[PDB]
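Participant: Here you go, one structure.
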Amino acid sequence: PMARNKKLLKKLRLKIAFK
């Protein structure tokens, strides 16, 4: 589900990619 994944991915990245 790349469609939904992109939306969630955009949110998950700044959460872990910030620490």
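Just remember, in the structure tokens the first chain shown is A, the second B, etc., residues are 1-based per chain, and ligands are 1-based in the order shown.
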Using backbone DSSP assignments, extract all alpha helix (DSSP H) residues from chain A; output them as a VMD selection string.
Facilitator: chain A and resid 2 to 16
Participant: Deliver the residues from the most recent selection as a file, using C-alpha atoms, as a short mmCIF file (atom, residue, chain, number, x, y, z; two decimals), in the first residue's frame.
Facilitator:
```
data_model
loop_
_atom_site.label_atom_id
_atom_site.label_comp_id
_atom_site.auth_asym_id
_atom_site.auth_seq_id
_atom_site.Cartn_x
_atom_site.Cartn_y
_atom_site.Cartn_z
CA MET A 2 2.52 2.58 -1.19
CA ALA A 3 -0.33 5.10 -1.26
CA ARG A 4 -0.87 4.89 2.50
CA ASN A 5 2.78 4.17 3.17
CA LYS A 6 3.95 7.51 1.78
CA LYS A 7 1.57 9.35 4.10
CA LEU A 8 2.71 7.41 7.15
CA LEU A 9 6.36 7.37 6.07
CA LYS A 10 6.40 11.16 5.86
CA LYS A 11 5.26 11.17 9.47
CA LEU A 12 7.51 8.38 10.74
CA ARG A 13 10.74 9.83 9.33
CA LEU A 14 10.99 13.08 11.36
CA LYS A 15 10.17 11.00 14.44
CA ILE A 16 13.17 8.67 14.27
#
```
